[PDB]
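# Structure at a glance
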Amino acid sequence: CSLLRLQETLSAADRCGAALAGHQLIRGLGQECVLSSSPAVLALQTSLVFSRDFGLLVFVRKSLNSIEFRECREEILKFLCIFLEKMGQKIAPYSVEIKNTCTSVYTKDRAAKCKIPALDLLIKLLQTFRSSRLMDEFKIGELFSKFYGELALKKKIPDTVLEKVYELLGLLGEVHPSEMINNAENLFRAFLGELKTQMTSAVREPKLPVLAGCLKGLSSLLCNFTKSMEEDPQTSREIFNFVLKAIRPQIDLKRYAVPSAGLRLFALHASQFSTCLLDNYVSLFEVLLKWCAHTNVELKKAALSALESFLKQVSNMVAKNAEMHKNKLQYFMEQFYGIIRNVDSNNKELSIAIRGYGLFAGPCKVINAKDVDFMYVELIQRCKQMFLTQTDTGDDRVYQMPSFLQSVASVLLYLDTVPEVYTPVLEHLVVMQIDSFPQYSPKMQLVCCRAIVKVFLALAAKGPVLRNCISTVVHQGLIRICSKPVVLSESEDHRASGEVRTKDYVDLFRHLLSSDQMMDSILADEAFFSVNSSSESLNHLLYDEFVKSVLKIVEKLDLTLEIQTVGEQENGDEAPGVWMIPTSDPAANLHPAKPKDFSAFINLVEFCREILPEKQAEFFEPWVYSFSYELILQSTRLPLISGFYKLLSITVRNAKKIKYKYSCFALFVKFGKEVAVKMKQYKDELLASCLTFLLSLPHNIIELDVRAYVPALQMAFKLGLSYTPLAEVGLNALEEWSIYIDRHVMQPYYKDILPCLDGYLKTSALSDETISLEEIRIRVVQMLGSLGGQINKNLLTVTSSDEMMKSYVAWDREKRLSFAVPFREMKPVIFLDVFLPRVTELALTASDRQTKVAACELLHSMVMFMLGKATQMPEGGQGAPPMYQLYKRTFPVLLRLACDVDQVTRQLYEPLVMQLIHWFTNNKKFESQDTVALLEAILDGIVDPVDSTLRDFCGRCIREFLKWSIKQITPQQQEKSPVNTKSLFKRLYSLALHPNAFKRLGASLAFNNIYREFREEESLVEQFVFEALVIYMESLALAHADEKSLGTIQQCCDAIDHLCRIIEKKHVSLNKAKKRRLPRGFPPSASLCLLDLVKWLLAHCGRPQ
Amino acid sequence: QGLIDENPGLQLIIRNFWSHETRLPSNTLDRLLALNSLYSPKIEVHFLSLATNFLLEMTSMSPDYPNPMXXXXXXXXXXXXXXXXXXXXXXXXXXXXXXXXXXXXXXXXXXXXXXXXXXXXXXXXXXXXXXXXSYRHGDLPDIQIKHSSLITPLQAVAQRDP
Amino acid sequence: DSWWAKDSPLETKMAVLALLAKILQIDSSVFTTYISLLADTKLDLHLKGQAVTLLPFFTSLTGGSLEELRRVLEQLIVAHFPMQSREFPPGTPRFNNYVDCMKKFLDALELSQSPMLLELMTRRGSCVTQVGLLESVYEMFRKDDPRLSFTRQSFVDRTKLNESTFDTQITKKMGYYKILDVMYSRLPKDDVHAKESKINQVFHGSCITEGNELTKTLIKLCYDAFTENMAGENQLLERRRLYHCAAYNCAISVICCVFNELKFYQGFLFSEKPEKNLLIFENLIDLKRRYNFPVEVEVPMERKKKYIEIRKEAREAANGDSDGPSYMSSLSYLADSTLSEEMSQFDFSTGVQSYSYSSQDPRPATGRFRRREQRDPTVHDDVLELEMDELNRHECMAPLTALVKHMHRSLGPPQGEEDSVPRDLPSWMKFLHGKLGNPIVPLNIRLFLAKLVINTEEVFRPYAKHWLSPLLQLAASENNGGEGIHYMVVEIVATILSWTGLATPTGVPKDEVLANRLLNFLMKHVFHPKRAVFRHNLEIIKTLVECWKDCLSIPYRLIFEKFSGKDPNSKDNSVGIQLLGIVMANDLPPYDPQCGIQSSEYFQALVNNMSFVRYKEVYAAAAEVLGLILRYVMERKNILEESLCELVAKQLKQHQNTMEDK
């Protein structure tokens, strides 16, 4: 801010004067601008400043003079070169401008000789020019390359400068400008000769300033030149001798740094001239090397970068020569071998890698000449020290152990014994690296990726059983370390919760995936073992405790919840779907992972038209099998794989051949039953969503197996309409369903099939009107347009049959369902128009911040009113029958779906309805009709898809028989009023068997169980009904027995008989006679499933009598 | 053009109540006439929601409190909310979640005190945030006239919002 | 239980046979090394698994009572080192024929394994381990332990390089020492007692865990009476015995509760309490080391608990324990200062932990009266650093905390006061008179821990005395250090704002001097650390300045002295002025920073600073300055401000000309 102001003062004031008024300025426009840290804020401030600054100094001293301007321009150029590296890039046209300015400034310095500002200036300008390696322009490179070559090919300048020459000449030579790279590279010979033949006789001792440049030059241009053979060994080698002294002067180590760096980026022919010096200079080369390695320098890594490189030359020519050229090699590397032993005495530290990498280079090749378990067996033992000791807190950076492991890999690139003892050790080293793979940088992450593909390559080449146990345990470690879950959207979080509820899990798969599809080939048998091994292990994994865990904690933590009063409600809930908690959070923690990635693993790996018949035939059977214990995500891995297998034609064609290797397809058919049943019966709406992705897709694949049978897609799409747009998950899977099957032999059946079809379709179009959401809708539109024929007469009978115009408005709006008396003027209160709206409010779930709270609290209050103005002799009184029932139904269902969003709110709404179900027992009938009648249809809700409303309901009843049994008001009211007791059981048994027995069965059983604790104690009333308890089974048993359409029913009914156990406490003594006669009469009338019950009663009742 | 804000409830409230207290006539019926003089100008939907909040409020402010048979006072406190602490991010989502909690606390506060006493249910959704780190005799008089004027606004407001 | 007994009773009968062949092969045996290596490391492995399935049955006696095993444990103990660290977790039998063997074929291992190198380092339980773990993770276990390194990796994962390898040699080597024999406790003692080393942590955890886990009323007393008699009479240096005390207490203070035998023999160690031997330096060391050790463990033996279950006082244990700290009148000499006063403190400070559980008002007070020391101060008064640093070597804070705790826990139930002297004289409180000494600082930190929960008008005049001592004394801790100034001065300021009603009996009577000089000082400094460190420095004193302003002694003369800084090329104007804005905050802008008390146109010198610099301090100072000068001058006599209005007018002119914009 002040930077613009100040620079606009002393730049234009600099246009007429100078001196102090420069430096202060430049310190100012420096320091504040300097401290600029984060981008955006600090960046946007600094952009304008720097720009006006560059240009300003440019034309400023460009159009001024000397006296003191030169000093100011000097300073600004200094502060600028330190502004560029900091201010990342984003200064490109500005940059090229600055650079041509810098050469202009040395130019103005040409007239005047001697002095010192020429040096400050000159050097600084140079550094501006140097820190320019963004490039990628065009003429921006030749514009400076040409003219620096121009000013360099002729100038007899002394020394205080010559570093720049070769600095630049290499810098531009590293770009590309073709014929420049040529002319330069040839012209360098001159300078090389000047400085080298200079360093032999003209000066006794080396000179740092021109070595600086010279070696920078020959380092930087030769990567582009190549074919070096002669000049490098002399020049470089010498520089090594020259730093093998040192005294006090700074930059001494960098003199050493520039050549060794040269040599490493020249590892080709140059390193060959060093190969020749593996005898006279076998000590010399690695002694300047290692002696550097020990010096406490900023270029420690110069030591390796030269070392590692010339070791590449060792293994190089070592292998590309003959046998004559072997022993003089073994000399050097055995000195390394001594670096492996004597590090026990003196910790080589950094050099400990060297020798590992040492017992890497030659051991890749000289191994071949002679047996060498010595090496590698020692290395091996060492790597087992350095990893097992990671039971020390040495942050032995897990980038270190794959330097060691890299080296271990080519160390391992050879084997031929198998002496046990190597099996365990190599094995664990594998697993360690396979566990060191999350923690890296991304770069080194690819390094170790490369490691594991290598070391595995060797193990595959070798021993034919081990590698398998490798893959298993190494997969175990990954999937168990998974914890915690990296999936903490609604529907997916819901399935993962329906499973289990509460180093990333995700990360590791990059390594596994990328390993199997890295460098191609050999990835074959590799990736196959990898797959199946991973499987069989997981197969037994969840098979550990998870399998138990569901059916366990669902009856365990529920027991810790279970008390005398809550056990009934819990029985009610065992009918919708389980508690969903799990017991065994270990198998229950890793196995979620196991599927969960296992998609992201199996989707991108071995998927060719050769692997994808064996994939299906095999992988199908044991999976679905292992699902036969019921678990969403367990199923979620089956259709992902099954439909991802690009075999919609061989599988379809085969299946058709079976209807008009087959055993797998016999399973294909087999799952459909248990499958659809699982959706409808047990599957809670969120977990229902889960299973339904997975029951949509298999059909989607066996197209011809989706012949008839509409109960599938109807529940499918029908959820996949306005429920699953919240995440294009359930929705998506459906378009493809229709499209694929829209012409897959579904042509013969349409007028009867497609009304169901548009029938759903309407709530993905005709709601979404009320993979972006709108795009889903568009795909709908396309999907329908392609048809034309019968999109109409379907959604006709659809919309009409669904009515949707159900207009209650209580006895056709006589007057006011609930007046009020507040303003005492223009009351408008009535409410008859104010009901079906509030109904839609409990269904809203939209603006749950505004809607739920005051919409619901409102409906509640409105409820209060209608509750009250129902006492006199107006319309309200004999008005309760429409009024009260028609809302009342939606009152408990309010408390249930309120559970999901109301919380404290729903809490108080619950007892509110409960007081409302006690009331008209502790008062009178007419209003008895209501609750008892609707909720009497709530256990019809359960035999619908409806789920938790049923539990809520049972919790109502259990309290309404409590409010009869509390409402004594003389048992004269007992007989006179006919809402409970006798009247109850009539409604109940008749309820047990109304519809033969189907969507009403799961109602009766709940009732008996929900009332049991009360049936236990209440005098002779405990008597008659116990006999009618015997019809109950006779009821429910046979009821479901014949129409055993899977459990849900079959179970709760037996539980009602486990309420028939209560009778067995010897009483009234006519039980011993009549009640015992019945179980006798039950074998000759053994009704298909009463069997287990019949016999039970026989032994049990002959038992105490 | 200001009577409906783009978002900030506090501009809208302070504006609305500058329209309401003195400009709107003290008469009930005369306000019923001033209404459609003021509605058509917005040329912009949900006006009638604004209608209701002006009128239900004006006719209900204090014949209704003690002769029954909160969202304007929590409205003014929700105009001193944005005039002080809290700006943006999910912190304002705990202020819209606490706005949910209190908007329920209007006509619920009665019923939840019925359940037990004055302080119960107050935290509501924030009670979970706090947890992680005279009952029958109480229900009976709320259902009578305990504070049925608190039922008036939750009506109006629940209608205003959608 | 079946296949377990299968695998072992055979494994003894063959553990006799084709094992030792390979062993002696190795120990006697280029082909020779490979044969040795395979054969041995194999047999090692086998022994590993074999003792593992030994331990879930009638082992231990089946371990150490059958045949041909110990030898095998020890032979491969005497060949190598690395492929030996894993065959080293197992073992530890008892009874003779073995005890000798272990100590022998062992110490010698630590030799080839354990140097005195510099610091670097990085039925019940078994039934817990089997019946507690599940199956899902177990199968990671069973597939991890048979051979391979998931044997011992599974129970670990969930100078530098070799000192690290040695380090893990200690890892196994004391790691398994956590759960076993007694000599196995003994060597660790020795080792802890060399110097200090990031072995520290591992030793603490190890020892603590020994005491907690073992619990067996037998083994328990064994480790105790054991390391005791490892402090029995015997020629050892000095560290080895102090470190013997530290890692013995930490062997005990976190241990099983049945003290039995240690507490028993406590008859004998009381009997060794008294002695003398002057001197020959020797029994000097051994006196101020032996003599000061037992008292040390003894006193938090009476740490807590079964004390009231002892109901005792040892009648006479008070005698020496209270005598000796009060005492040593003797002059220094004989090197008996900082090597005996250091652990001469423990007698008192820790013996108190035998007063609190015998404390019920007056006699406690008299345990805290009357003076005579200055045990551990003077010693370390010439040393020490911060609060915690004042705490440890002194080990007087570290007790006087819990002391002030049970002492206020016994000051409040009888009653409570609001008068200063009537609590002083009855209770310890009488020591809160400060003094002329070097042990003021510690006593001051004890007050740093009183004021938390003590206060109020009580310790009154001392607060102001503690404003008087920090001159010489505060400067004597070099200067203080950042956290030094804060703790000392910041706390005295802290407690002083902590009240209203009573800083007025120091605001009407005592402030006149003590405050004045203090604030003088506080300002003069506070500018210094801020023009050195960070901004908040001024504020860290300013605010309290404000808490104090409601009286003071008008020290604004020097406040404008400090303003009246130099000229440009030094940002000291700021240093001077921010004070001045601080000033202006209150109190008729503090008499208008004395602008006409010392000189007559200092005020004019303020104007004279701002006009010269646009600086971010001179403007705001001028700003508010003219503010309250203008609000007061519109509500007080106008003639006072008018000259200023003229001066600023002059400024505005100069600023328009001298530079346009800025």
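Method of structure determination, per the deposited record: X-ray crystallography was used for this entry, reaching 4.300 Å resolution.

## Let's talk about the overall build of chain B
Check the secondary structure of chain B and you find eight helices and zero strands. Reading the helices (α) and strands (β) of chain B from amino to carboxyl end gives α-α-α-α-α-α-α-α. C-alpha atoms of chain B, sized along the principal axes, occupy 50 × 40 × 25 Å.

## A closer look at empty space enclosed by the protein
The gaps left among the atoms become clear once a water-sized probe is rolled over them. Taken as a whole, the largest cavity holds about 420 Å³ of empty space. Taken together, 20 residues line the largest cavity, and the ones lying closest to its centre are A:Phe456, A:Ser471, A:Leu512, A:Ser515 and A:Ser530. Of all the elements in the fold, those that place two or more residues in the lining of the largest cavity are α21 (442-461), α22 (466-481), α24 (507-516) and α25 (523-542) of chain A. Residue composition of the lining of the largest cavity, grouped by class: eleven nonpolar, six polar and three charged. Estimates place the volume of the second largest cavity at around 280 Å³. Taken together, the elements giving at least two residues each to the lining of the second largest cavity come down to α11 (183-192), α12 (199-214), α13 (219-229) and α14 (239-252) of chain C. Considering every element that reaches the lining of the second largest cavity, the biggest residue donor is α12(C), with six residues. Its residues assigned to classes, the lining of the second largest cavity comprises twelve nonpolar, five polar and five charged.

## Details of the interface of chain C and chain A
Many analyses report the size of an interface as the accessible area lost when the parts associate. At the junction of the two partners, chain C supplies 33 residues and chain A supplies 40 residues. Here chain C meets chain A over a buried area of about 3500 Å², counting both sides, of which 62% is carbon and sulfur. Our count for the contact surface shared by chain C and chain A stands at three salt bridges. The salt bridge involving A:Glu420 is made with C:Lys42; its shortest N-O contact spans 3.7 Å. Remark: the boundary between chain C and chain A carries 13 residue pairs in polar contact. Taken together, the elements giving at least two residues each to the side of chain C that touches chain A come down to α3 (31-54), α9 (150-157) and α10 (160-175) of chain C. A total of ten residues in the side of chain C that touches chain A trace back to one element, the largest contributor, which is α10(C). Considered class by class, the residues forming the side of chain C that touches chain A number twelve nonpolar, eleven polar and ten charged.

## A word on the nonpolar core
Across soluble globular proteins, you tend to see nonpolar side chains buried next to one another. Ranked by size, the top nonpolar core spans 89 residues in total, and within it A:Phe144, A:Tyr166, A:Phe285, A:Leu289 and A:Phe332 carry the most contacts. Setting aside residues up to four positions removed in sequence, A:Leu289 forms contacts with A:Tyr256, A:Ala303, A:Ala306, A:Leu307 and A:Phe310. Membership of the second largest hydrophobic core comes to 74 residues, among which are C:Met523, C:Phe560, C:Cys595 and C:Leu626.

## Section: helix α36 (residues 729-742) of chain A
What sets the pattern is the α-helix's 3.6 residues per turn: residues three or four places apart point alike. Residue and element names in this part refer to chain A. Over its 14 residues, α36 runs 21 Å from end to end, which matches the ideal 20 Å to within 8%, given 1.5 Å per residue. Taken residue by residue, α36 has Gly-730, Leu-731, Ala-733, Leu-734, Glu-735, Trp-737, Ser-738, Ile-741 and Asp-742 as its buried positions. Buried residues in α36 make contact with α34 (685-702), α35 (711-719) and α38 (773-785).

## Focus: the interface of chain A and chain B
On the chain B side, the residues contacting the 28 residues of chain A number 31 residues. Breaking the side of chain A that touches chain B down by element, the ones donating at least two residues are α42 (851-868) and α45 (904-919) of chain A. It is α42(A) that provides the largest number of residues to the side of chain A that touches chain B, a total of twelve residues.

## What about the packing of aromatic side chains?
Residues and elements named next belong to chain A. Across all of its chains, the model carries 50 aromatic pairs over all chains by this definition. The interplanar angle of 80° and the centroid separation of 5.6 Å between the aromatic rings of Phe-717 and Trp-737 together place this pair among those described as edge-to-face. In this pair, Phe-717 sits in helix α35 while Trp-737 sits in helix α36, placing the two residues 20 residues apart along the sequence. As far as the burial class goes, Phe-717 and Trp-737 line up, both buried.

## Some details on a nonpolar patch on the surface
Nonpolar side chains collect at one region of the surface, where A:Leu244, A:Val287 and A:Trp291 lie side by side and expose about 260 Å² of accessible area between them. Mapped onto the fold, A:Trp291 is located in helix α14 (residues 282-294).

## A short note on the pattern of salt bridges
Side chains that carry opposite charge are capable of pairing whenever their charged atoms lie near each other. Residues and elements named next belong to chain A. With the rule as written, the count across this model stands at 50 salt bridges over all chains. Put simply, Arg-951 and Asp-573 hold a salt bridge, and the shortest N to O gap is 2.7 Å. You can call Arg-951 partly exposed: its relative accessible area is 32%. Because the salt bridges share partners, they merge into one network encompassing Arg-341, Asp-344, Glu-378 and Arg-382.

## Comments concerning the packing of helix α1 (residues 2-10) of chain A against helix α2 (residues 20-34) of chain A
All names here are of chain A. Put simply, α1 and α2 touch, their axes get as near as 10 Å, and they point 165° apart. One way to sum up the angle between α1 and α2 is to call them roughly antiparallel. In this structure, the crossing between α1 and α2 has a hand that is left-handed. Residue-level inspection shows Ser-2, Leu-3, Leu-6, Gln-7 and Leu-10 of α1 in contact with α2, the latter providing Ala-21, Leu-25, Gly-28, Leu-29, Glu-32 and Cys-33. A class-by-class count of the residues in the contact of α1 with α2 yields seven nonpolar, three polar and one charged.

## Here we look at a positive patch on the surface
Residue and element names in this part refer to chain C. On the surface, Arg-303, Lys-304, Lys-305, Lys-405 and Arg-409 cluster together to form a positively charged patch. Note that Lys-405 resides in helix α22 (residues 397-408). The class of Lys-405 is partly exposed, set by a relative accessible area of 48%.

## Brief notes about unusual backbone geometry
C:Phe369 connects to C:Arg370 through a cis peptide bond whose omega is 10°. In this structure, the amide linkage connecting C:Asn455 to the following residue, C:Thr456, adopts the cis form with an omega of 5°. Within the secondary structure, C:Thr456 is located in the loop between α24 (440-450) and α25 (460-468). The phi dihedral of A:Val809 is positive, around 55°, even though this residue is not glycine. For A:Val809, the position within the fold is in helix α40 (residues 809-813). In this model, C:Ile554 sits at a positive phi of 50°, which is unusual for a non-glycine residue. Tracing the backbone through its elements, the reader meets C:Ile554 in the loop between α29 (537-548) and α30 (556-563).

What counts, and where the lines are drawn
Residues numbered from 1 in each chain as written, not as in the entry; some residues may be left out. Chains lettered and ligands numbered in written order. Part of a larger assembly, values for the part shown. Heavy atoms only, no water. Residues with missing side-chain atoms left out of burial classes, pairs and counts. Helix = DSSP H or I, 4+ residues; strand = E, 2+ residues; numbered from the N terminus. 1 Å grid on protein atoms, 1.4 Å probe; cavity = no way out; pocket = protein on both sides within 12 Å on 5 of 7 lines; lining within 4 Å. Points joined across faces, edges and corners; volume = space filled by probe spheres on them. Nonpolar A, V, L, I, M, F, W, Y, C, P; charged D, E, K, R; others polar. Contact = heavy atoms within 4.5 Å. Buried area = accessible area lost by both parts, 1.4 Å probe. Salt bridge = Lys/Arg side-chain N within 4 Å of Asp/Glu carboxyl O. Polar contact = N/O pair within 3.5 Å; in protein donor to acceptor, adjacent residues only side chain to side chain. Core = buried A, V, L, I, M, F, W, Y, C linked by side-chain atoms within 4.5 Å. Buried < 20%, exposed > 50% of the residue type's maximum accessible area, 1.4 Å probe, protein only. Expected span 1.5 Å × (residues − 1). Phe/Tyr/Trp six-rings, centres within 6.5 Å; stacked < 30°, edge-to-face > 60°. Patch = residues over 30% accessible without salt bridge, like charges linked within 9 Å, V, L, I, M, F, W, Y side chains within 5 Å. Areas by Shrake-Rupley, 256 points an atom, 1.4 Å probe, with all protein chains shown as cover. Axes fitted to C-alpha atoms, helices over the stretch in contact; angles between N-to-C directions. Parallel < 35°, antiparallel > 145°, perpendicular 65-115°, else oblique. Left-handed = near helix turned anticlockwise from the far one by under 90°. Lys, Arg positive; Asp, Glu negative; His and termini not counted. Charge placed at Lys NZ, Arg CZ, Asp CG, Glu CD.

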